[PDB]
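Presented below is the structure to which this report refers.
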Amino acid sequence: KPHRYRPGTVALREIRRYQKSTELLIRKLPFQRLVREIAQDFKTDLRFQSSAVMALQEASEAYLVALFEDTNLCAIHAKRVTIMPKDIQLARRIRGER
Amino acid sequence: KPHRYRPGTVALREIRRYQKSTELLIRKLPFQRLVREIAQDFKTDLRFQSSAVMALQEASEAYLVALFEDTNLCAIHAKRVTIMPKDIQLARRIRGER
Amino acid sequence: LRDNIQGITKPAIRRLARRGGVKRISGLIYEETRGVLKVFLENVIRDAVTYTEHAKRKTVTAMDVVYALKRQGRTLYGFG
Amino acid sequence: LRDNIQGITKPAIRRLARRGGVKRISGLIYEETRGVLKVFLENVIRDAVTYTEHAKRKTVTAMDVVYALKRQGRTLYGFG
Amino acid sequence: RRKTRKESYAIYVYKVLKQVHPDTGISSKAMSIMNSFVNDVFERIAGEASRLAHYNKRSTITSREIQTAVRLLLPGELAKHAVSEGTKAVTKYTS
Amino acid sequence: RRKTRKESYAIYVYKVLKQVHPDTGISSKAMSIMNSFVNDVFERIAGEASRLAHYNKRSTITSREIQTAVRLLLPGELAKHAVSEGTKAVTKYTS
Amino acid sequence: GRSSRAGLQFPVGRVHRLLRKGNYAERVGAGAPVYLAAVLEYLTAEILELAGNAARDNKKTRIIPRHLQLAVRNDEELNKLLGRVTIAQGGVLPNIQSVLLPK
Amino acid sequence: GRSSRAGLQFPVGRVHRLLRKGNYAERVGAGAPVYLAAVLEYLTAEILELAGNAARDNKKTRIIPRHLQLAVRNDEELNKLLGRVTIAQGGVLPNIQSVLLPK
DNA sequence: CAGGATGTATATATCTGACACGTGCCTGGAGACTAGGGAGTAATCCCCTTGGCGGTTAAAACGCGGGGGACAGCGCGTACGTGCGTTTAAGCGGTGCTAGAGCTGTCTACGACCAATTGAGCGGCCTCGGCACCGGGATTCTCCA
DNA sequence: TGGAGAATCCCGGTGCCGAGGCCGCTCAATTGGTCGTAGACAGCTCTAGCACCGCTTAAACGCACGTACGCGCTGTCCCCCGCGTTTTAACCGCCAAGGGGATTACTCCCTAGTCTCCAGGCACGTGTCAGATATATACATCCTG
């Protein structure tokens, strides 16, 4: 029999891995392309510094991590361990963003 | 048998009555006594205007009502209609007060 | 004065929950709500008293309460 | 450029959820997260381009992003 | 005698109200709320224009700083109609 | 030639670090974070002292305005030890 | 006067004095108080028109704080502008969740 | 100098210049840059002490942003001071909820 | 589905205080003039952003088996809603007293300002050691018999 | 409960680039007078806040009854996780233009400052009418049969 981990151990393993790391969790070029696509609807032919897209990526990943940290509390409050889009909507409308 | 309303109808009647009115829902003298008792811990023999305690009561009732709306959303999220201290604690942790 | 937090009675907390849209209320909500209100009032009255004794006054005016609320992002219109 | 919101991939949202502490993730979380990130980035990039075009520049610097974040109550340390 | 000379916004808010609703009045508590609103929006646009002038190492608040502060602070089409109203008033004023 | 004379807080933060932990150093990104932190809480204490001077119809920022701004902005025993440090420094500076 | 040179109802001179004596910059341009008074007068006219419609729908002819609160919370842009703002004696918006209504 | 007259490491004259040129008040007193430099030095010494302890606990002799983030998010007073602040390349605190652990 | 009971919206009187308007006056805004420096604009430099290319390789996409968790149904009890009667402070008005807020006047110490000087701090460069990485063993946790 | 396997931690060894210290220089901080307004302080007046008291009555409190909702349990199924395989695009190193940020020089126009005057706006009175309340009436809704 080949070895096989049970569902939830590797998830906790990568919780402990990514809560110990400091790196950026999104790839840099897709985020940079997304930033330039969003900025194309405000002013055409814009340039970005190398540190501007890094600042946007740090702020965006901190925002999304701190929103998932609240989504997880909203999921645990409903006696679940799965997060759902209604949990994200609840966290965003309790924070005062909708 | 005399008349008897079912549990939940007069609650909705009070919701429609107090979401239509603009009065202060805490009594004036207990709130003013609570304000002077809290202010005793910061400076002895203080003094309040009549308008300062009304501004404190307006802000406190607005804070508690806007917290009870979030508490109701947390209760409804867990497929309940009763609000509980776990709903208050979740609403304050998501808003960022603890 | 001692123990005026019980002046925020259970019917007053029920009226504030009714204005908040709450249909059914547990019995342990009242002590949690009294603690939350005491924490809020401590932070606001502490800032208002700091604004008051900076001015070398002995009376907490409504402007000091308005400024103490304005510096917590709970700006209050109606009192100057 | 067209449709680079799918460049925020499914394992990237899973890595951000693992850093957020999330054990199990529904399958509809990814389009919701992409919409949330797009709304956040629209608001920040709109303010950063406003700060940039006030200075009569064509380049969005890192200081424009830091100021655009600072005016949303999301102060960012490390870029000036 | 008289006490003190409070600079409120009440007569200008009353002129604006008489020009949008000629039969509607306003209470004193509502006039205090509108005065607090005008002071708050004033010191937000003025603080943001000050902050913009400080970022670009300028010493002057001009209509370009006030216009950028209005585009930063007001949401959506509020910032589209307020910039048009201010530009129209400045164009009228310099004539 | 040389570019420009960018003032920052890096050498004072490094002197403070070398008097607290004499064998621990700092990174460039950490020095940028500490510079941003010092500029941030400088702008908070100064923008609260400015408001305290404006609210009382005063035109001078004094150490009493700075002390009141420190007691308003810092939480708990930060505003006790920072007030004690600042009072000690102003006392020994006036001597 | 400068309020009537620009066509405004708001005091351009008083806004100029508050910008000069308000510790905002070392110099204040001449079109800055005109622009700021025009923006303040527009933003006053919007909330006043919505409050007057909310007063007329309540069959009243005077604006009370309830009509200002209804005006600012029944509008997405004014609620985004005034999200962190409490209006005194304003109340709340009438809103019951759909789960609390009976079958 | 004034930095060494007061017993400080932070620049009292540069803080005085930034107060005089920051559009904060019409005049700036003498003891106010001294007080503000002392408060800035205390608040730098606290975060640097906690960051040096967190750097020594990971067996390192150099502060990286991770140690600054650990220093500020563990300390209650600094976490209330820096609640709405993102530190770049700081990560998060190691924190797993109790319901997610194996039973 | 039907009718009684209860609550709430609606229409009329009536009464009050607050609001809309009128009046004096004063102080702050407008006009005119002068000086100077901030900023607008042109010109030049050189940094650093964008685009392209090619090999590596790690991450992403996709498919699949399975288990465990979400969700729905069901039952039980307890705790919360409703209502009634008793109690208790709140609210209101009326009065009195005085602390202190607010305003004015006078004086002086303190900060703005300006000019001369110099050393503190900043950019550049140079060096070496803390750390990132790599390979190998050691402990630790998980999972299935 | 224990052994196998996978994962993570630790422990030495190498290379490297970024921290840390030194050097030259320049510009901002310091020092010294001079002045003129801000504010500290004394004094005085008047508002408004605190304290008390009596009375009415509305809200709070306490209790009884019952229902409906929270919560625990069980069953089912389907969806998400772990893993292996194939693909794709990120990434890193290198190179080449060139756009535009950044700095300097210079001119000039716009705004601060001062002084003079007067009218717009504010405090204070004042009448009248919009709303608050009382009260009867009509419609809407809830609940139990």
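Ordering of the structure tokens sets the chain letters (A, B, ...), residue numbers begin anew at 1 in every chain, and ligands are numbered from 1 in the order given.
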Least-squares Cα fit of chain F to chain E, output as a short mmCIF file (atom, residue, chain, number, x, y, z; two decimals) with N, CA and C atoms, in the first residue's frame:
data_model
loop_
_atom_site.label_atom_id
_atom_site.label_comp_id
_atom_site.auth_asym_id
_atom_site.auth_seq_id
_atom_site.Cartn_x
_atom_site.Cartn_y
_atom_site.Cartn_z
N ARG F 1 -24.56 92.20 28.77
CA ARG F 1 -24.56 92.50 27.34
C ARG F 1 -24.57 91.23 26.50
N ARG F 2 -24.28 91.40 25.21
CA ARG F 2 -24.20 90.28 24.28
C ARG F 2 -22.96 89.44 24.59
N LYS F 3 -23.03 88.15 24.24
CA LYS F 3 -21.97 87.23 24.65
C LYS F 3 -20.73 87.27 23.74
N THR F 4 -20.87 86.82 22.49
CA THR F 4 -19.74 86.54 21.62
C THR F 4 -20.24 86.26 20.21
N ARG F 5 -19.36 86.50 19.24
CA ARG F 5 -19.78 86.51 17.84
C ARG F 5 -19.51 85.15 17.19
N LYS F 6 -20.28 84.14 17.60
CA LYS F 6 -20.11 82.76 17.13
C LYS F 6 -20.47 82.76 15.65
N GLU F 7 -19.47 82.75 14.77
CA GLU F 7 -19.65 82.34 13.39
C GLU F 7 -20.08 80.88 13.23
N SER F 8 -20.94 80.65 12.24
CA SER F 8 -21.40 79.32 11.87
C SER F 8 -21.73 79.35 10.39
N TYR F 9 -22.36 78.29 9.88
CA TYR F 9 -22.81 78.26 8.49
C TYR F 9 -24.32 78.34 8.31
N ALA F 10 -25.06 78.80 9.32
CA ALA F 10 -26.51 78.61 9.32
C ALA F 10 -27.23 79.43 8.25
N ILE F 11 -26.79 80.66 7.99
CA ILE F 11 -27.51 81.48 7.01
C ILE F 11 -27.22 81.06 5.57
N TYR F 12 -26.03 80.54 5.29
CA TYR F 12 -25.73 80.04 3.95
C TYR F 12 -26.42 78.71 3.67
N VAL F 13 -26.48 77.83 4.68
CA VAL F 13 -27.25 76.60 4.55
C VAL F 13 -28.73 76.92 4.39
N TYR F 14 -29.20 77.99 5.03
CA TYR F 14 -30.59 78.37 4.87
C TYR F 14 -30.88 78.98 3.50
N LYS F 15 -29.94 79.74 2.94
CA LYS F 15 -30.09 80.24 1.57
C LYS F 15 -30.09 79.10 0.55
N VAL F 16 -29.22 78.11 0.76
CA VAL F 16 -29.19 76.94 -0.12
C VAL F 16 -30.49 76.16 -0.04
N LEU F 17 -31.01 75.97 1.19
CA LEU F 17 -32.28 75.28 1.38
C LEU F 17 -33.43 76.05 0.77
N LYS F 18 -33.40 77.38 0.86
CA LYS F 18 -34.48 78.17 0.31
C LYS F 18 -34.39 78.31 -1.20
N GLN F 19 -33.24 78.00 -1.81
CA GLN F 19 -33.25 77.92 -3.26
C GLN F 19 -33.48 76.52 -3.81
N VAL F 20 -33.34 75.46 -3.00
CA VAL F 20 -33.69 74.12 -3.50
C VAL F 20 -35.16 73.79 -3.23
N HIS F 21 -35.61 73.94 -1.99
CA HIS F 21 -36.99 73.70 -1.57
C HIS F 21 -37.54 74.99 -0.98
N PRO F 22 -38.27 75.79 -1.76
CA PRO F 22 -38.63 77.15 -1.31
C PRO F 22 -39.66 77.20 -0.20
N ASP F 23 -40.33 76.10 0.13
CA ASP F 23 -41.34 76.10 1.18
C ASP F 23 -40.99 75.18 2.34
N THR F 24 -39.83 74.52 2.31
CA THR F 24 -39.41 73.64 3.38
C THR F 24 -38.42 74.40 4.26
N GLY F 25 -38.62 74.33 5.58
CA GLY F 25 -37.70 74.89 6.53
C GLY F 25 -36.84 73.83 7.21
N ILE F 26 -36.15 74.26 8.27
CA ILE F 26 -35.20 73.41 8.96
C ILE F 26 -35.33 73.66 10.46
N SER F 27 -34.95 72.66 11.25
CA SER F 27 -34.94 72.77 12.70
C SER F 27 -33.59 73.26 13.21
N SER F 28 -33.54 73.58 14.50
CA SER F 28 -32.29 74.03 15.10
C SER F 28 -31.30 72.88 15.25
N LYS F 29 -31.78 71.69 15.62
CA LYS F 29 -30.91 70.53 15.71
C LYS F 29 -30.43 70.10 14.32
N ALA F 30 -31.30 70.21 13.32
CA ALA F 30 -30.90 69.90 11.96
C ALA F 30 -29.94 70.94 11.41
N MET F 31 -30.10 72.20 11.82
CA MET F 31 -29.15 73.23 11.42
C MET F 31 -27.79 73.02 12.08
N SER F 32 -27.78 72.53 13.33
CA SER F 32 -26.52 72.19 13.98
C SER F 32 -25.85 71.00 13.31
N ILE F 33 -26.64 70.02 12.87
CA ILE F 33 -26.09 68.87 12.16
C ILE F 33 -25.52 69.29 10.81
N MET F 34 -26.20 70.21 10.12
CA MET F 34 -25.67 70.67 8.84
C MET F 34 -24.43 71.55 9.02
N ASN F 35 -24.36 72.30 10.12
CA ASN F 35 -23.15 73.07 10.42
C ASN F 35 -21.97 72.16 10.74
N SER F 36 -22.21 71.11 11.53
CA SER F 36 -21.17 70.12 11.81
C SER F 36 -20.74 69.40 10.54
N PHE F 37 -21.68 69.13 9.63
CA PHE F 37 -21.36 68.46 8.38
C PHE F 37 -20.48 69.33 7.49
N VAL F 38 -20.79 70.63 7.42
CA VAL F 38 -20.02 71.53 6.58
C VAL F 38 -18.63 71.74 7.15
N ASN F 39 -18.52 71.88 8.48
CA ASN F 39 -17.20 71.96 9.11
C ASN F 39 -16.40 70.67 8.94
N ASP F 40 -17.07 69.52 8.98
CA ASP F 40 -16.39 68.24 8.83
C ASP F 40 -15.81 68.06 7.44
N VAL F 41 -16.62 68.23 6.40
CA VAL F 41 -16.07 68.03 5.06
C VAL F 41 -15.17 69.18 4.63
N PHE F 42 -15.30 70.36 5.25
CA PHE F 42 -14.31 71.41 5.08
C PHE F 42 -12.96 70.96 5.62
N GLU F 43 -12.95 70.42 6.85
CA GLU F 43 -11.70 69.98 7.45
C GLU F 43 -11.11 68.78 6.72
N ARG F 44 -11.95 67.96 6.08
CA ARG F 44 -11.42 66.83 5.31
C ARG F 44 -10.78 67.31 4.02
N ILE F 45 -11.46 68.20 3.28
CA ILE F 45 -10.90 68.65 2.01
C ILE F 45 -9.66 69.51 2.25
N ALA F 46 -9.68 70.32 3.31
CA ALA F 46 -8.53 71.16 3.62
C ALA F 46 -7.36 70.33 4.14
N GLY F 47 -7.62 69.29 4.93
CA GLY F 47 -6.54 68.45 5.42
C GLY F 47 -6.02 67.47 4.40
N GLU F 48 -6.77 67.25 3.32
CA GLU F 48 -6.21 66.50 2.20
C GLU F 48 -5.45 67.39 1.24
N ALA F 49 -5.90 68.63 1.05
CA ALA F 49 -5.15 69.57 0.23
C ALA F 49 -3.84 69.96 0.89
N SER F 50 -3.83 70.07 2.22
CA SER F 50 -2.60 70.31 2.96
C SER F 50 -1.60 69.19 2.78
N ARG F 51 -2.07 67.94 2.84
CA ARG F 51 -1.19 66.81 2.58
C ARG F 51 -0.72 66.77 1.14
N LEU F 52 -1.58 67.12 0.18
CA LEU F 52 -1.14 67.13 -1.22
C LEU F 52 -0.11 68.22 -1.48
N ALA F 53 -0.23 69.36 -0.81
CA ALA F 53 0.79 70.39 -0.91
C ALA F 53 2.08 69.97 -0.23
N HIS F 54 1.98 69.27 0.90
CA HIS F 54 3.18 68.81 1.61
C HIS F 54 3.91 67.70 0.87
N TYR F 55 3.18 66.81 0.19
CA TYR F 55 3.81 65.68 -0.49
C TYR F 55 4.61 66.10 -1.71
N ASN F 56 4.25 67.22 -2.33
CA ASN F 56 4.91 67.67 -3.55
C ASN F 56 5.88 68.81 -3.30
N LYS F 57 6.20 69.08 -2.03
CA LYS F 57 7.12 70.14 -1.61
C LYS F 57 6.63 71.51 -2.08
N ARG F 58 5.32 71.69 -2.08
CA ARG F 58 4.68 72.94 -2.43
C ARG F 58 4.24 73.66 -1.17
N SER F 59 4.09 74.97 -1.29
CA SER F 59 3.64 75.78 -0.17
C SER F 59 2.35 76.52 -0.46
N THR F 60 1.71 76.26 -1.60
CA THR F 60 0.46 76.92 -1.95
C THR F 60 -0.64 75.89 -2.11
N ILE F 61 -1.78 76.15 -1.50
CA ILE F 61 -3.01 75.44 -1.79
C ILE F 61 -3.68 76.18 -2.94
N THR F 62 -3.85 75.51 -4.07
CA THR F 62 -4.51 76.10 -5.22
C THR F 62 -5.78 75.33 -5.48
N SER F 63 -6.51 75.74 -6.51
CA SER F 63 -7.73 75.02 -6.87
C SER F 63 -7.44 73.65 -7.47
N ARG F 64 -6.21 73.42 -7.93
CA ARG F 64 -5.82 72.08 -8.36
C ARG F 64 -5.61 71.14 -7.18
N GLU F 65 -5.05 71.64 -6.07
CA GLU F 65 -5.00 70.84 -4.84
C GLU F 65 -6.39 70.57 -4.28
N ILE F 66 -7.28 71.57 -4.33
CA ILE F 66 -8.65 71.37 -3.84
C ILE F 66 -9.40 70.40 -4.74
N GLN F 67 -9.14 70.44 -6.05
CA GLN F 67 -9.80 69.53 -6.98
C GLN F 67 -9.30 68.10 -6.79
N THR F 68 -8.00 67.93 -6.57
CA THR F 68 -7.46 66.61 -6.29
C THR F 68 -7.96 66.07 -4.95
N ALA F 69 -8.09 66.94 -3.94
CA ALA F 69 -8.64 66.50 -2.66
C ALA F 69 -10.11 66.12 -2.78
N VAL F 70 -10.86 66.81 -3.63
CA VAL F 70 -12.26 66.46 -3.86
C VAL F 70 -12.37 65.11 -4.57
N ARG F 71 -11.52 64.88 -5.57
CA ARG F 71 -11.51 63.59 -6.25
C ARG F 71 -11.00 62.46 -5.36
N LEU F 72 -10.18 62.76 -4.36
CA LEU F 72 -9.76 61.71 -3.43
C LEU F 72 -10.82 61.41 -2.38
N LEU F 73 -11.54 62.42 -1.90
CA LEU F 73 -12.45 62.21 -0.78
C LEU F 73 -13.88 61.91 -1.20
N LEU F 74 -14.32 62.38 -2.37
CA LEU F 74 -15.73 62.12 -2.60
C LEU F 74 -15.93 60.87 -3.44
N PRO F 75 -16.95 60.08 -3.12
CA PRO F 75 -17.15 58.79 -3.81
C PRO F 75 -17.97 58.91 -5.08
N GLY F 76 -17.47 58.33 -6.17
CA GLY F 76 -18.27 58.10 -7.35
C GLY F 76 -18.64 59.34 -8.13
N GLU F 77 -19.94 59.61 -8.28
CA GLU F 77 -20.38 60.77 -9.05
C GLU F 77 -20.56 62.01 -8.19
N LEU F 78 -20.26 61.92 -6.89
CA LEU F 78 -20.08 63.13 -6.11
C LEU F 78 -18.81 63.84 -6.53
N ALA F 79 -17.72 63.09 -6.74
CA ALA F 79 -16.49 63.74 -7.16
C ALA F 79 -16.50 64.12 -8.63
N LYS F 80 -17.54 63.75 -9.38
CA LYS F 80 -17.70 64.24 -10.74
C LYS F 80 -18.51 65.53 -10.77
N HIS F 81 -19.63 65.55 -10.02
CA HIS F 81 -20.43 66.77 -10.04
C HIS F 81 -19.86 67.87 -9.16
N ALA F 82 -19.13 67.54 -8.10
CA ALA F 82 -18.54 68.60 -7.29
C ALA F 82 -17.35 69.23 -7.99
N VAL F 83 -16.59 68.44 -8.74
CA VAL F 83 -15.52 68.97 -9.57
C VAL F 83 -16.08 69.85 -10.68
N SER F 84 -17.21 69.44 -11.29
CA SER F 84 -17.81 70.27 -12.33
C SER F 84 -18.36 71.58 -11.77
N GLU F 85 -19.00 71.53 -10.60
CA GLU F 85 -19.50 72.73 -9.93
C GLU F 85 -18.37 73.68 -9.55
N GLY F 86 -17.29 73.14 -8.97
CA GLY F 86 -16.18 73.97 -8.56
C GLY F 86 -15.42 74.57 -9.73
N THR F 87 -15.24 73.79 -10.80
CA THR F 87 -14.58 74.31 -12.00
C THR F 87 -15.42 75.41 -12.64
N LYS F 88 -16.74 75.24 -12.66
CA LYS F 88 -17.64 76.26 -13.19
C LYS F 88 -17.58 77.54 -12.35
N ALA F 89 -17.53 77.39 -11.02
CA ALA F 89 -17.50 78.56 -10.15
C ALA F 89 -16.17 79.30 -10.24
N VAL F 90 -15.05 78.57 -10.31
CA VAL F 90 -13.74 79.21 -10.44
C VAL F 90 -13.61 79.88 -11.80
N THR F 91 -14.17 79.26 -12.84
CA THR F 91 -14.14 79.83 -14.19
C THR F 91 -14.93 81.13 -14.24
N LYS F 92 -16.14 81.14 -13.67
CA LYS F 92 -16.91 82.38 -13.71
C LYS F 92 -16.45 83.38 -12.65
N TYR F 93 -15.67 82.96 -11.66
CA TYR F 93 -15.08 83.89 -10.71
C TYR F 93 -13.89 84.63 -11.30
N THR F 94 -13.08 83.94 -12.12
CA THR F 94 -11.93 84.60 -12.73
C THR F 94 -12.35 85.57 -13.84
N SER F 95 -13.58 85.46 -14.33
CA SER F 95 -14.12 86.47 -15.23
C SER F 95 -14.71 87.64 -14.46
#
Show me which bits of chain J are within 9 Å of chain F, counting only C-alpha atoms (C1' of nucleotides), as a PyMOL selection string. chain J and resi 18-19+38-39+102-103
Would you save the residues from that selection as a compact mmCIF listing (two decimals), in the first residue's frame, using N, CA and C atoms (P, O5', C5', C4', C3', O3' and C1' of nucleotides)?
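Generated file (result19.txt):
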# COMPACT_ATOMS: atom_id res chain seq x y z
P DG J 18 22.34 42.53 -1.76
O5' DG J 18 21.83 42.98 -0.32
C5' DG J 18 21.85 42.05 0.75
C4' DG J 18 22.57 42.60 1.98
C3' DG J 18 22.34 44.07 2.31
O3' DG J 18 22.30 44.20 3.71
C1' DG J 18 24.62 43.70 2.11
P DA J 19 21.43 45.35 4.41
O5' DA J 19 22.19 45.60 5.79
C5' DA J 19 22.40 44.53 6.70
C4' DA J 19 23.74 44.64 7.43
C3' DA J 19 23.94 45.86 8.29
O3' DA J 19 24.76 45.49 9.38
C1' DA J 19 25.60 45.80 6.64
P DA J 38 -0.73 87.61 18.24
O5' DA J 38 -0.51 86.35 19.20
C5' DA J 38 0.60 85.48 18.97
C4' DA J 38 0.95 84.63 20.19
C3' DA J 38 -0.20 83.96 20.92
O3' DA J 38 0.25 82.72 21.40
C1' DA J 38 0.89 85.51 22.38
P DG J 39 -0.77 81.66 22.04
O5' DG J 39 -0.63 81.91 23.60
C5' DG J 39 0.58 81.54 24.27
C4' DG J 39 0.63 82.14 25.67
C3' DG J 39 -0.55 81.79 26.58
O3' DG J 39 -0.09 81.62 27.90
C1' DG J 39 -0.30 84.07 26.51
P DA J 102 11.41 61.72 -9.11
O5' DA J 102 12.77 62.54 -9.07
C5' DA J 102 13.95 62.00 -9.65
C4' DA J 102 14.99 63.09 -9.82
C3' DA J 102 14.78 64.32 -8.94
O3' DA J 102 16.02 64.68 -8.40
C1' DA J 102 15.03 64.96 -11.18
P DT J 103 16.14 65.73 -7.20
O5' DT J 103 17.18 66.81 -7.75
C5' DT J 103 18.25 66.39 -8.60
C4' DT J 103 18.74 67.56 -9.41
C3' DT J 103 18.67 68.91 -8.70
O3' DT J 103 19.96 69.50 -8.68
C1' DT J 103 17.79 69.05 -10.89
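Near chain A, counting only C-alpha atoms at 10 Å, the chain G residues are residues 80, 83 and 84 of chain G.
With only C-alpha atoms (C1' of nucleotides) taken into account, the protein and nucleic acid residues at most 8 Å from range 6-21 of chain D (excluding it and anything under 6 positions from it in its own chain) are residues 11, 14, 15, 18, 19, 25, 26, 27, 30, 31, 34, 61, 64, 65, 66, 67, 68, 69 and 72 of chain A; 30, 33 and 34 of chain D; 92, 95, 96 and 97 of chain H; 60 of chain I.
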Contacts of chain I with chain B up to 8 Å, shortest pair per row, only C-alpha atoms (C1' of nucleotides), as JSON lines:
{"residue": "I:5", "atom": "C1'", "partner": "B:3", "partner_atom": "CA", "distance": 7.2}
{"residue": "I:81", "atom": "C1'", "partner": "B:7", "partner_atom": "CA", "distance": 5.1}
{"residue": "I:82", "atom": "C1'", "partner": "B:5", "partner_atom": "CA", "distance": 6.8}
{"residue": "I:90", "atom": "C1'", "partner": "B:29", "partner_atom": "CA", "distance": 7.3}
Have a look at CA of residue 3 in chain C and CA of residue 70 in chain B and let me know their distance in Å, one decimal. 28.0 Å
